[PDB]
file protein20.txt (compact mmCIF, C-alpha atoms and all ligand atoms)
# COMPACT_ATOMS: atom_id res chain seq x y z
CA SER Y 1 104.02 -55.98 -19.67
CA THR Y 2 104.95 -58.61 -17.11
CA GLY Y 3 105.31 -62.38 -16.91
CA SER Y 4 105.22 -64.87 -14.04
CA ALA Y 5 106.09 -68.58 -14.24
CA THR Y 6 106.52 -71.31 -11.67
CA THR Y 7 109.87 -73.07 -11.54
CA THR Y 8 109.98 -76.66 -10.24
CA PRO Y 9 112.89 -78.81 -8.97
CA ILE Y 10 113.72 -81.66 -11.33
CA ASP Y 11 114.31 -84.11 -8.47
CA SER Y 12 114.24 -84.48 -4.69
CA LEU Y 13 117.65 -82.79 -4.28
CA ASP Y 14 116.98 -79.59 -6.26
CA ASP Y 15 119.67 -80.59 -8.75
CA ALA Y 16 118.11 -78.09 -11.19
CA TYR Y 17 114.84 -76.24 -11.77
CA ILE Y 18 112.61 -76.32 -14.85
CA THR Y 19 110.22 -73.63 -16.03
CA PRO Y 20 107.63 -74.13 -18.80
CA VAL Y 21 108.17 -72.01 -21.93
CA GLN Y 22 105.85 -71.69 -24.93
CA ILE Y 23 107.63 -71.70 -28.32
CA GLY Y 24 106.02 -71.28 -31.73
CA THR Y 25 102.53 -71.21 -33.19
CA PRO Y 26 100.61 -73.21 -32.11
CA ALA Y 27 102.56 -73.23 -28.86
CA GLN Y 28 104.99 -76.04 -28.13
CA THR Y 29 105.66 -76.10 -24.38
CA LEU Y 30 109.17 -77.14 -23.34
CA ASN Y 31 110.57 -77.22 -19.79
CA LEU Y 32 113.72 -75.12 -19.76
CA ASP Y 33 116.51 -74.53 -17.24
CA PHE Y 34 116.61 -70.77 -16.63
CA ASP Y 35 120.32 -69.99 -16.38
CA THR Y 36 121.58 -66.58 -15.24
CA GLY Y 37 125.12 -67.79 -16.02
CA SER Y 38 124.70 -68.20 -19.80
CA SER Y 39 123.06 -66.35 -22.67
CA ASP Y 40 121.75 -68.92 -25.19
CA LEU Y 41 118.14 -70.14 -25.43
CA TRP Y 42 118.57 -73.62 -26.87
CA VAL Y 43 116.25 -76.61 -27.14
CA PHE Y 44 116.13 -80.25 -27.94
CA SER Y 45 114.51 -80.41 -31.36
CA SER Y 46 113.47 -82.48 -34.34
CA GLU Y 47 117.04 -81.84 -35.57
CA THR Y 48 118.78 -83.37 -32.54
CA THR Y 49 120.74 -86.54 -33.30
CA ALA Y 50 118.19 -89.25 -32.55
CA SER Y 51 120.50 -91.35 -30.35
CA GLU Y 52 121.07 -88.27 -28.16
CA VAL Y 53 117.35 -87.81 -27.32
CA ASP Y 54 116.07 -89.90 -24.42
CA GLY Y 55 112.68 -88.69 -23.18
CA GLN Y 56 112.99 -84.93 -23.66
CA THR Y 57 110.23 -82.93 -25.28
CA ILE Y 58 111.43 -81.56 -28.63
CA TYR Y 59 110.74 -78.36 -30.53
CA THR Y 60 109.72 -79.05 -34.16
CA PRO Y 61 110.15 -75.79 -36.11
CA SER Y 62 108.42 -77.18 -39.21
CA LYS Y 63 105.19 -77.37 -37.18
CA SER Y 64 105.40 -73.70 -36.14
CA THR Y 65 103.89 -71.20 -38.56
CA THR Y 66 105.98 -68.41 -37.01
CA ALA Y 67 109.34 -70.20 -37.12
CA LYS Y 68 111.93 -68.90 -39.58
CA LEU Y 69 115.39 -70.35 -40.16
CA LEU Y 70 118.06 -67.78 -39.30
CA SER Y 71 120.09 -68.29 -42.44
CA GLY Y 72 123.71 -69.22 -41.90
CA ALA Y 73 123.57 -69.02 -38.10
CA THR Y 74 125.10 -71.68 -35.89
CA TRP Y 75 125.83 -71.97 -32.17
CA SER Y 76 128.04 -74.05 -29.91
CA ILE Y 77 128.39 -73.81 -26.15
CA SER Y 78 130.23 -75.56 -23.33
CA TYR Y 79 129.28 -75.17 -19.67
CA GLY Y 80 131.18 -75.17 -16.39
CA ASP Y 81 130.46 -78.84 -15.74
CA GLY Y 82 131.97 -79.84 -19.08
CA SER Y 83 128.68 -80.44 -20.86
CA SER Y 84 128.03 -78.97 -24.30
CA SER Y 85 125.59 -78.62 -27.17
CA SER Y 86 125.48 -77.09 -30.65
CA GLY Y 87 123.26 -76.62 -33.69
CA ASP Y 88 121.46 -74.11 -35.93
CA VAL Y 89 119.07 -71.25 -35.21
CA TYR Y 90 115.46 -70.26 -35.80
CA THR Y 91 113.56 -67.17 -34.80
CA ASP Y 92 110.10 -67.76 -33.30
CA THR Y 93 107.60 -66.47 -30.77
CA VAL Y 94 108.53 -67.35 -27.19
CA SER Y 95 106.33 -66.77 -24.14
CA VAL Y 96 107.17 -67.16 -20.45
CA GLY Y 97 104.40 -66.89 -17.92
CA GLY Y 98 102.28 -64.70 -20.17
CA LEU Y 99 105.14 -62.44 -21.43
CA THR Y 100 105.68 -62.79 -25.19
CA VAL Y 101 108.72 -62.00 -27.34
CA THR Y 102 108.39 -62.21 -31.11
CA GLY Y 103 111.48 -62.93 -33.16
CA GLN Y 104 113.39 -64.59 -30.32
CA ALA Y 105 116.43 -66.63 -31.37
CA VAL Y 106 115.64 -70.26 -30.58
CA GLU Y 107 118.80 -72.32 -30.92
CA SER Y 108 117.96 -75.82 -32.14
CA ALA Y 109 120.35 -78.54 -30.99
CA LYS Y 110 121.84 -80.90 -33.53
CA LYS Y 111 124.22 -82.36 -30.91
CA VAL Y 112 124.11 -82.54 -27.13
CA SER Y 113 126.57 -84.13 -24.73
CA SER Y 114 125.81 -87.20 -22.63
CA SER Y 115 124.72 -85.36 -19.48
CA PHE Y 116 121.95 -83.63 -21.43
CA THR Y 117 120.80 -86.88 -23.06
CA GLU Y 118 120.78 -88.65 -19.71
CA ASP Y 119 118.53 -86.03 -18.09
CA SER Y 120 115.07 -86.48 -19.51
CA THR Y 121 113.59 -83.61 -17.46
CA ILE Y 122 115.46 -80.68 -19.08
CA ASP Y 123 114.35 -79.80 -22.63
CA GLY Y 124 116.89 -76.99 -23.04
CA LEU Y 125 118.25 -73.86 -21.41
CA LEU Y 126 117.03 -70.25 -21.32
CA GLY Y 127 120.01 -68.00 -20.75
CA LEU Y 128 119.61 -64.90 -18.58
CA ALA Y 129 123.20 -63.60 -18.39
CA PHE Y 130 124.20 -60.68 -20.60
CA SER Y 131 123.78 -61.00 -24.36
CA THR Y 132 127.53 -60.41 -24.88
CA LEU Y 133 127.99 -64.12 -23.96
CA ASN Y 134 125.58 -65.41 -26.64
CA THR Y 135 127.35 -67.93 -28.88
CA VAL Y 136 125.42 -67.52 -32.16
CA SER Y 137 127.71 -66.92 -35.13
CA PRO Y 138 128.17 -64.93 -37.32
CA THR Y 139 125.52 -62.61 -35.83
CA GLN Y 140 125.22 -62.72 -32.05
CA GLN Y 141 121.68 -62.90 -30.70
CA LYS Y 142 119.89 -61.36 -27.71
CA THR Y 143 118.53 -63.14 -24.66
CA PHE Y 144 114.81 -63.38 -23.95
CA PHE Y 145 115.20 -60.79 -21.18
CA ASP Y 146 117.16 -58.39 -23.38
CA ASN Y 147 114.46 -58.64 -26.07
CA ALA Y 148 111.64 -58.19 -23.57
CA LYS Y 149 113.23 -55.50 -21.42
CA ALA Y 150 111.94 -52.35 -23.12
CA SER Y 151 108.33 -53.65 -23.01
CA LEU Y 152 108.44 -54.58 -19.33
CA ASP Y 153 106.83 -52.40 -16.67
CA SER Y 154 110.27 -52.28 -15.00
CA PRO Y 155 113.49 -53.66 -16.59
CA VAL Y 156 113.95 -56.47 -14.07
CA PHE Y 157 113.43 -60.14 -13.46
CA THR Y 158 113.36 -61.96 -10.14
CA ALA Y 159 114.33 -65.44 -9.03
CA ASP Y 160 112.52 -66.97 -6.05
CA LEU Y 161 113.76 -70.56 -5.96
CA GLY Y 162 112.30 -73.02 -3.49
CA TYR Y 163 114.03 -75.49 -1.20
CA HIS Y 164 112.63 -78.88 -2.17
CA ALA Y 165 109.57 -77.01 -3.48
CA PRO Y 166 108.42 -74.93 -6.46
CA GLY Y 167 109.25 -71.27 -6.80
CA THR Y 168 108.79 -68.38 -9.22
CA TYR Y 169 110.49 -66.39 -11.98
CA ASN Y 170 108.86 -63.00 -12.51
CA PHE Y 171 109.58 -60.55 -15.33
CA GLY Y 172 108.91 -56.84 -15.18
CA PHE Y 173 107.80 -56.43 -11.55
CA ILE Y 174 108.84 -57.06 -7.96
CA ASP Y 175 106.30 -59.03 -5.90
CA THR Y 176 106.51 -57.23 -2.57
CA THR Y 177 104.66 -60.11 -0.87
CA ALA Y 178 107.39 -62.61 -1.77
CA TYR Y 179 110.07 -61.51 0.71
CA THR Y 180 110.55 -60.24 4.25
CA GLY Y 181 112.33 -57.06 5.25
CA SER Y 182 113.93 -54.95 2.53
CA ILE Y 183 115.81 -55.73 -0.67
CA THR Y 184 119.47 -54.76 -0.44
CA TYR Y 185 120.93 -53.79 -3.79
CA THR Y 186 124.59 -54.23 -4.66
CA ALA Y 187 126.80 -53.28 -7.60
CA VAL Y 188 127.27 -55.53 -10.64
CA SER Y 189 130.14 -55.80 -13.08
CA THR Y 190 129.09 -56.89 -16.56
CA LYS Y 191 132.69 -57.11 -17.84
CA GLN Y 192 132.67 -60.94 -17.98
CA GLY Y 193 129.05 -61.12 -19.17
CA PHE Y 194 127.77 -62.38 -15.81
CA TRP Y 195 125.72 -60.99 -12.93
CA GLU Y 196 128.99 -60.50 -11.03
CA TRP Y 197 128.95 -58.89 -7.59
CA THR Y 198 130.97 -58.74 -4.37
CA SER Y 199 129.68 -60.30 -1.17
CA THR Y 200 130.80 -58.56 2.02
CA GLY Y 201 131.63 -61.73 3.99
CA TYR Y 202 130.31 -64.82 5.70
CA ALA Y 203 129.53 -66.66 8.91
CA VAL Y 204 129.31 -70.36 9.74
CA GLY Y 205 126.44 -71.41 11.99
CA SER Y 206 126.15 -69.13 15.01
CA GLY Y 207 129.74 -67.95 14.57
CA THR Y 208 130.88 -64.39 14.19
CA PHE Y 209 130.67 -62.71 10.80
CA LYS Y 210 133.94 -62.42 8.87
CA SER Y 211 134.09 -59.23 6.80
CA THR Y 212 135.87 -60.08 3.56
CA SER Y 213 135.15 -59.29 -0.08
CA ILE Y 214 134.09 -62.31 -2.15
CA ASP Y 215 133.64 -61.61 -5.86
CA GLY Y 216 131.32 -64.06 -7.56
CA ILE Y 217 128.38 -64.57 -9.89
CA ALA Y 218 124.68 -65.05 -9.22
CA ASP Y 219 124.06 -68.21 -11.26
CA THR Y 220 120.67 -69.93 -11.19
CA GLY Y 221 121.98 -72.63 -13.52
CA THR Y 222 124.56 -73.83 -10.99
CA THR Y 223 123.32 -76.30 -8.37
CA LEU Y 224 125.88 -75.62 -5.62
CA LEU Y 225 127.66 -72.76 -3.83
CA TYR Y 226 131.34 -72.46 -4.89
CA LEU Y 227 133.51 -70.28 -2.64
CA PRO Y 228 137.21 -69.82 -1.86
CA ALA Y 229 138.95 -72.80 -0.28
CA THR Y 230 139.55 -70.90 2.98
CA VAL Y 231 135.83 -70.21 3.42
CA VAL Y 232 134.80 -73.74 2.49
CA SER Y 233 137.35 -75.29 4.87
CA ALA Y 234 136.02 -73.10 7.69
CA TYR Y 235 132.48 -74.34 6.99
CA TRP Y 236 133.24 -78.07 6.81
CA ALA Y 237 135.49 -77.92 9.88
CA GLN Y 238 132.25 -77.44 11.84
CA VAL Y 239 130.88 -80.82 10.64
CA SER Y 240 132.20 -83.91 12.44
CA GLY Y 241 133.72 -86.33 9.97
CA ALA Y 242 133.54 -84.06 6.93
CA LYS Y 243 136.45 -84.29 4.52
CA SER Y 244 137.46 -83.33 1.01
CA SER Y 245 137.50 -86.40 -1.19
CA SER Y 246 139.50 -86.26 -4.41
CA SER Y 247 137.88 -89.50 -5.56
CA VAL Y 248 134.35 -88.23 -5.04
CA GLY Y 249 135.14 -84.72 -6.28
CA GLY Y 250 134.57 -82.49 -3.27
CA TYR Y 251 133.60 -82.28 0.36
CA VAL Y 252 131.57 -85.15 1.71
CA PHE Y 253 130.12 -85.61 5.18
CA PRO Y 254 128.40 -88.29 7.25
CA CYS Y 255 124.76 -88.48 6.27
CA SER Y 256 123.97 -88.61 10.04
CA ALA Y 257 125.26 -85.07 10.54
CA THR Y 258 123.24 -82.01 11.44
CA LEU Y 259 124.69 -79.29 9.16
CA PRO Y 260 125.26 -75.72 10.37
CA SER Y 261 123.81 -72.79 8.49
CA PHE Y 262 125.95 -70.55 6.28
CA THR Y 263 125.47 -66.78 6.13
CA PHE Y 264 126.64 -64.52 3.30
CA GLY Y 265 126.77 -60.73 3.28
CA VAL Y 266 125.05 -58.41 0.82
CA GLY Y 267 126.23 -54.96 1.82
CA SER Y 268 125.25 -54.63 5.47
CA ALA Y 269 122.51 -57.25 5.05
CA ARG Y 270 122.80 -60.97 5.71
CA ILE Y 271 121.29 -63.98 3.91
CA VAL Y 272 121.15 -67.18 5.98
CA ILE Y 273 121.30 -70.53 4.18
CA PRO Y 274 119.84 -73.20 6.51
CA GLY Y 275 122.01 -76.24 7.04
CA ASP Y 276 119.66 -78.63 5.30
CA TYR Y 277 120.01 -76.63 2.06
CA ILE Y 278 123.63 -77.81 2.05
CA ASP Y 279 122.78 -81.55 2.06
CA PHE Y 280 122.91 -83.17 -1.42
CA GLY Y 281 122.34 -86.69 -0.18
CA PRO Y 282 124.23 -89.96 -0.58
CA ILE Y 283 127.21 -89.90 -2.93
CA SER Y 284 125.89 -93.13 -4.48
CA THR Y 285 122.70 -95.02 -3.82
CA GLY Y 286 122.67 -96.53 -0.34
CA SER Y 287 125.84 -94.81 0.85
CA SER Y 288 126.10 -93.21 4.29
CA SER Y 289 128.47 -90.57 2.89
CA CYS Y 290 126.67 -87.45 1.68
CA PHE Y 291 127.70 -84.80 -0.83
CA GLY Y 292 128.15 -81.24 0.39
CA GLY Y 293 126.39 -78.23 -1.08
CA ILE Y 294 129.27 -75.82 -0.41
CA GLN Y 295 132.36 -76.61 -2.46
CA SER Y 296 135.67 -74.96 -3.31
CA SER Y 297 135.91 -72.69 -6.34
CA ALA Y 298 139.66 -73.32 -6.57
CA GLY Y 299 140.31 -74.25 -10.18
CA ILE Y 300 137.03 -72.77 -11.44
CA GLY Y 301 138.54 -69.30 -11.55
CA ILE Y 302 135.39 -67.62 -10.21
CA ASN Y 303 133.16 -67.97 -7.18
CA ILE Y 304 129.59 -69.04 -7.94
CA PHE Y 305 126.52 -68.17 -5.88
CA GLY Y 306 124.46 -71.05 -7.27
CA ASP Y 307 121.10 -72.40 -6.24
CA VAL Y 308 122.19 -73.34 -2.69
CA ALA Y 309 122.70 -69.63 -2.01
CA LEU Y 310 120.04 -68.13 -4.25
CA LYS Y 311 117.21 -70.33 -2.96
CA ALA Y 312 117.70 -68.78 0.50
CA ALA Y 313 116.80 -65.35 -0.96
CA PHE Y 314 114.46 -63.39 -3.16
CA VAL Y 315 116.83 -62.14 -5.88
CA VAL Y 316 116.33 -59.15 -8.18
CA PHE Y 317 118.23 -59.06 -11.47
CA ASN Y 318 117.95 -55.35 -12.26
CA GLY Y 319 118.63 -54.67 -15.94
CA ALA Y 320 118.51 -50.89 -15.72
CA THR Y 321 121.10 -48.89 -17.67
CA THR Y 322 123.55 -49.65 -14.87
CA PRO Y 323 122.58 -53.19 -13.78
CA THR Y 324 122.45 -54.13 -10.09
CA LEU Y 325 121.48 -57.19 -8.02
CA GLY Y 326 119.08 -57.17 -5.09
CA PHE Y 327 118.76 -59.72 -2.29
CA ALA Y 328 116.07 -60.09 0.35
CA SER Y 329 115.41 -62.71 2.99
CA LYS Y 330 112.14 -64.62 2.70
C1 LIG Y 401 131.99 -74.47 -12.76
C2 LIG Y 401 130.85 -75.41 -12.57
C3 LIG Y 401 129.49 -75.24 -12.80
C4 LIG Y 401 128.85 -74.04 -13.27
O1 LIG Y 401 127.65 -73.88 -13.32
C5 LIG Y 401 128.84 -76.49 -12.46
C6 LIG Y 401 127.39 -76.76 -12.53
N1 LIG Y 401 126.58 -76.99 -11.50
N2 LIG Y 401 125.33 -77.30 -12.00
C7 LIG Y 401 125.40 -77.24 -13.32
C8 LIG Y 401 124.48 -77.48 -14.37
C9 LIG Y 401 123.17 -77.90 -14.46
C10 LIG Y 401 122.26 -78.18 -13.31
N3 LIG Y 401 122.24 -79.60 -13.01
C11 LIG Y 401 122.95 -80.24 -12.06
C12 LIG Y 401 122.78 -81.51 -11.70
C13 LIG Y 401 123.35 -82.35 -10.75
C14 LIG Y 401 124.29 -81.91 -9.68
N4 LIG Y 401 122.81 -83.58 -10.90
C15 LIG Y 401 123.12 -84.78 -10.10
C16 LIG Y 401 121.92 -83.59 -11.97
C17 LIG Y 401 121.15 -84.81 -12.35
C18 LIG Y 401 121.91 -82.32 -12.50
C19 LIG Y 401 121.26 -81.61 -13.58
CL1 LIG Y 401 120.24 -82.48 -14.65
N5 LIG Y 401 121.39 -80.34 -13.80
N6 LIG Y 401 122.83 -78.00 -15.79
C20 LIG Y 401 121.55 -78.44 -16.35
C21 LIG Y 401 123.92 -77.62 -16.56
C22 LIG Y 401 123.86 -77.57 -18.05
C23 LIG Y 401 124.96 -77.29 -15.72
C24 LIG Y 401 126.31 -76.90 -15.91
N7 LIG Y 401 127.17 -76.71 -14.97
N8 LIG Y 401 126.68 -76.89 -13.70
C25 LIG Y 401 129.81 -77.37 -12.03
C26 LIG Y 401 129.70 -78.76 -11.53
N9 LIG Y 401 131.02 -76.70 -12.10
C27 LIG Y 401 132.30 -77.27 -11.68

call {"tool": "encode", "arguments": {"input": "protein20.txt", "output": "structure tokens"}}
result
Amino acid sequence: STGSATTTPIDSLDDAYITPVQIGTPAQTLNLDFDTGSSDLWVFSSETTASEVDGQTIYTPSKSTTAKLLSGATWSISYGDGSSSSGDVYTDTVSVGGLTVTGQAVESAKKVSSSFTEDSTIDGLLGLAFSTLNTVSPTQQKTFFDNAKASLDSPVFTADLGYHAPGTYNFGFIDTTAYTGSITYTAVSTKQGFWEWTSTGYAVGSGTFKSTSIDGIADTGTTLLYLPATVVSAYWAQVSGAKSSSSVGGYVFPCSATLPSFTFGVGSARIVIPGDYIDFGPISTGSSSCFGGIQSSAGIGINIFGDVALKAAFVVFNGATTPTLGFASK
């Protein structure tokens, strides 16, 4: 089997991407944030504290003839931005782009933190990291991909995120029309539950490539690119007026700037992020100071190849017995 679904930016800055997912019988379609940095499929629901729902579409398990309460199971998660959610668990039929999993754990939120409430466009998350990170207790549950894998034509999914435009998540096949050149595959460590890999270096603009190992995670849930402070300083030093602002929370730059590109290495291959992918717009409405899309990972404890990086590539998440990642230009 295969599946193919379009993923759409939630706003004009590509702050996140939503992908429609069918849950239950008859189907209830919710728009989920596909997140290769976590492993829970959770949704706003008829159980979510009413004051914490503000415009999201909810899953109502009592209206699904295939929903079954997973007795005694609870979940609770907290994300890298400090947001969180928790609740109980059903199993139900879940379909993505024509690919169906029966008996998928659907984690129903009873509580969500303010950033979830305040974002009406995201109805939940669909985790695509390794199932070892799943938070369901006392019996850990499998991701949608893990459940689907054995049925897929090939045990892979691909992320093809757009810059200020829709893109595609495919399951079970590699669309050879979706990229240029070849796909370069690179080793993955699953020891922390992530799609963790080692980039071979970077360049800023038309500058020379610096060969240096950068260990980090391919994380579709993360908006920005988080790299070591040395690398990030070298990038922003090429932008007149750019500075790190403690009050704002990162590097900012004059909105009048023309940003240089940023290149990262995948083996001997190179992925070029155009400068405009690095512009996240005014820090507050009407400001002439703009927020940068490349930020320091100092304090995070891990480097994160988030959407800024991934949207410059066609990315293969290869879930073979030994997982690997593939990157192609496009
Ligand atoms: C260690 C880490 C992260 C790891 O991932 C991270 C991060 N970066 N984007 C996101 C996340 C997103 C994506 N996301 C970002 C958004 C931004 C920047 N803005 C203005 C809006 C309105 C957003 C929405 Cl609705 N959604 N979502 C939905 C969740 C649950 C995230 C959790 N963390 N996160 C940050 C800021 N940090 C420090």

call {"tool": "residues_around", "arguments": {"input": "protein20.txt", "residues": "residue 194 of chain Y", "least_positions_apart": "2", "cutoff": "8 Å", "atoms": "only C-alpha atoms", "output": "ChimeraX atom specification"}}
result
/Y:36-38,129-130,189-192,196,217-218

call {"tool": "closest_residue", "arguments": {"input": "protein20.txt", "among": "Y:84, Y:158, Y:51, Y:65", "to": "ligand LIG 401 (chain Y)", "atoms": "all atoms listed in the file"}}
result
Y:84

call {"tool": "closest_residue", "arguments": {"input": "protein20.txt", "among": "Y:31, Y:114, Y:213, Y:147", "to": "residue 17 of chain Y", "atoms": "all atoms listed in the file"}}
result
Y:31

call {"tool": "residues_near_ligand", "arguments": {"input": "protein20.txt", "ligand": "ligand LIG 401 (chain Y)", "cutoff": "6 Å", "atoms": "only C-alpha atoms and all ligand atoms", "output": "list in words"}}
result
residues 15, 16, 79, 80, 81, 119, 221, 222, 223 and 300 of chain Y

call {"tool": "atom_distance", "arguments": {"input": "protein20.txt", "atom1": "atom CA of residue 85 of chain Y", "atom2": "atom CA of residue 133 of chain Y"}}
result
15.0 Å

call {"tool": "residues_around", "arguments": {"input": "protein20.txt", "residues": "residue 173 of chain Y", "least_positions_apart": "4", "cutoff": "12 Å", "atoms": "only C-alpha atoms", "output": "list in words"}}
result
residues 1, 2, 3, 4, 99, 149, 151, 152, 153, 154, 155, 156, 157, 158, 159, 169, 177, 178, 316, 317, 318 and 319 of chain Y

call {"tool": "residues_near_point", "arguments": {"input": "protein20.txt", "point": "(117.6, -76.0, -14.4)", "cutoff": "12 Å", "atoms": "all atoms listed in the file", "output": "VMD selection string"}}
result
chain Y and resid 7 to 11 14 to 20 31 to 38 116 119 to 127 161 219 to 223 306 to 307

call {"tool": "closest_residue", "arguments": {"input": "protein20.txt", "among": "Y:112, Y:188, Y:137, Y:21", "to": "residue 320 of chain Y", "atoms": "all atoms listed in the file"}}
result
Y:188

call {"tool": "atom_distance", "arguments": {"input": "protein20.txt", "atom1": "atom CA of residue 73 of chain Y", "atom2": "atom CA of residue 90 of chain Y"}}
result
8.5 Å

call {"tool": "atom_distance", "arguments": {"input": "protein20.txt", "atom1": "atom CA of residue 43 of chain Y", "atom2": "atom CA of residue 22 of chain Y"}}
result
11.7 Å

call {"tool": "closest_residue", "arguments": {"input": "protein20.txt", "among": "Y:138, Y:66, Y:78, Y:42", "to": "residue 106 of chain Y", "atoms": "only C-alpha atoms"}}
result
Y:42

call {"tool": "closest_residue", "arguments": {"input": "protein20.txt", "among": "Y:115, Y:170, Y:49, Y:60", "to": "residue 98 of chain Y", "atoms": "all atoms listed in the file"}}
result
Y:170

call {"tool": "closest_residue", "arguments": {"input": "protein20.txt", "among": "Y:303, Y:29, Y:135, Y:39", "to": "residue 75 of chain Y", "atoms": "only C-alpha atoms"}}
result
Y:135

call {"tool": "residues_around", "arguments": {"input": "protein20.txt", "residues": "residue 185 of chain Y", "least_positions_apart": "4", "cutoff": "12 Å", "atoms": "all atoms listed in the file", "output": "ChimeraX atom specification"}}
result
/Y:197-199,265-269,314-318,323-328

call {"tool": "axis_aligned_box", "arguments": {"input": "protein20.txt", "around": "segment 222-233 of chain Y", "padding_each_side": "5 Å", "output": "lines of an AutoDock Vina configuration file"}}
result
center_x = 131.4
center_y = -73.1
center_z = -3.1
size_x = 26.2
size_y = 16.5
size_z = 25.9

call {"tool": "residues_around", "arguments": {"input": "protein20.txt", "residues": "residue 330 of chain Y", "least_positions_apart": "4", "cutoff": "9 Å", "atoms": "all atoms listed in the file", "output": "list in words"}}
result
residues 178, 179, 180, 181, 312, 313 and 314 of chain Y

call {"tool": "residues_around", "arguments": {"input": "protein20.txt", "residues": "residue 204 of chain Y", "least_positions_apart": "5", "cutoff": "10 Å", "atoms": "all atoms listed in the file", "output": "NGL selection string"}}
result
:Y and (209-210 or 231-232 or 234-238 or 260-264 or 272-273 or 275)

call {"tool": "decode", "arguments": {"input": "protein20.txt", "residues": "segment 168-183 of chain Y", "atoms": "N, CA and C atoms", "output": "PDB file, in the first residue's frame"}}
result
ATOM      1  N   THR Y 168       4.020  17.901   0.205  1.00  0.00           N
ATOM      2  CA  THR Y 168       3.496  16.540   0.217  1.00  0.00           C
ATOM      3  C   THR Y 168       4.210  15.657   1.237  1.00  0.00           C
ATOM      4  N   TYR Y 169       3.428  14.834   1.949  1.00  0.00           N
ATOM      5  CA  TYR Y 169       3.917  13.672   2.686  1.00  0.00           C
ATOM      6  C   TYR Y 169       3.472  12.423   1.939  1.00  0.00           C
ATOM      7  N   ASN Y 170       4.432  11.588   1.544  1.00  0.00           N
ATOM      8  CA  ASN Y 170       4.124  10.304   0.938  1.00  0.00           C
ATOM      9  C   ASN Y 170       4.563   9.176   1.861  1.00  0.00           C
ATOM     10  N   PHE Y 171       3.796   8.094   1.836  1.00  0.00           N
ATOM     11  CA  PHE Y 171       4.079   6.878   2.595  1.00  0.00           C
ATOM     12  C   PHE Y 171       4.205   5.710   1.637  1.00  0.00           C
ATOM     13  N   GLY Y 172       5.326   4.988   1.727  1.00  0.00           N
ATOM     14  CA  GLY Y 172       5.466   3.726   1.048  1.00  0.00           C
ATOM     15  C   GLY Y 172       6.107   3.790  -0.316  1.00  0.00           C
ATOM     16  N   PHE Y 173       6.473   4.977  -0.808  1.00  0.00           N
ATOM     17  CA  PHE Y 173       7.076   5.096  -2.124  1.00  0.00           C
ATOM     18  C   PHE Y 173       7.842   6.399  -2.215  1.00  0.00           C
ATOM     19  N   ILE Y 174       8.783   6.440  -3.151  1.00  0.00           N
ATOM     20  CA  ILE Y 174       9.584   7.624  -3.424  1.00  0.00           C
ATOM     21  C   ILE Y 174       9.198   8.138  -4.807  1.00  0.00           C
ATOM     22  N   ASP Y 175       8.643   9.354  -4.847  1.00  0.00           N
ATOM     23  CA  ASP Y 175       8.202   9.995  -6.081  1.00  0.00           C
ATOM     24  C   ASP Y 175       9.441  10.550  -6.765  1.00  0.00           C
ATOM     25  N   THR Y 176       9.916   9.834  -7.791  1.00  0.00           N
ATOM     26  CA  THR Y 176      11.150  10.221  -8.456  1.00  0.00           C
ATOM     27  C   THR Y 176      10.997  11.480  -9.291  1.00  0.00           C
ATOM     28  N   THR Y 177       9.779  11.996  -9.461  1.00  0.00           N
ATOM     29  CA  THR Y 177       9.589  13.271 -10.143  1.00  0.00           C
ATOM     30  C   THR Y 177       9.676  14.462  -9.199  1.00  0.00           C
ATOM     31  N   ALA Y 178       9.806  14.235  -7.895  1.00  0.00           N
ATOM     32  CA  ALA Y 178       9.680  15.306  -6.916  1.00  0.00           C
ATOM     33  C   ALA Y 178      11.008  15.961  -6.545  1.00  0.00           C
ATOM     34  N   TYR Y 179      12.114  15.507  -7.119  1.00  0.00           N
ATOM     35  CA  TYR Y 179      13.422  16.027  -6.761  1.00  0.00           C
ATOM     36  C   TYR Y 179      14.306  16.050  -7.990  1.00  0.00           C
ATOM     37  N   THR Y 180      15.396  16.810  -7.894  1.00  0.00           N
ATOM     38  CA  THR Y 180      16.423  16.848  -8.924  1.00  0.00           C
ATOM     39  C   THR Y 180      17.637  16.054  -8.443  1.00  0.00           C
ATOM     40  N   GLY Y 181      18.470  15.644  -9.397  1.00  0.00           N
ATOM     41  CA  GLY Y 181      19.671  14.917  -9.041  1.00  0.00           C
ATOM     42  C   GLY Y 181      19.351  13.600  -8.364  1.00  0.00           C
ATOM     43  N   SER Y 182      20.243  13.189  -7.462  1.00  0.00           N
ATOM     44  CA  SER Y 182      20.107  11.953  -6.713  1.00  0.00           C
ATOM     45  C   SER Y 182      19.771  12.238  -5.257  1.00  0.00           C
ATOM     46  N   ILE Y 183      19.301  11.197  -4.570  1.00  0.00           N
ATOM     47  CA  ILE Y 183      19.087  11.226  -3.132  1.00  0.00           C
ATOM     48  C   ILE Y 183      20.360  10.708  -2.489  1.00  0.00           C
TER      49      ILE Y 183
END
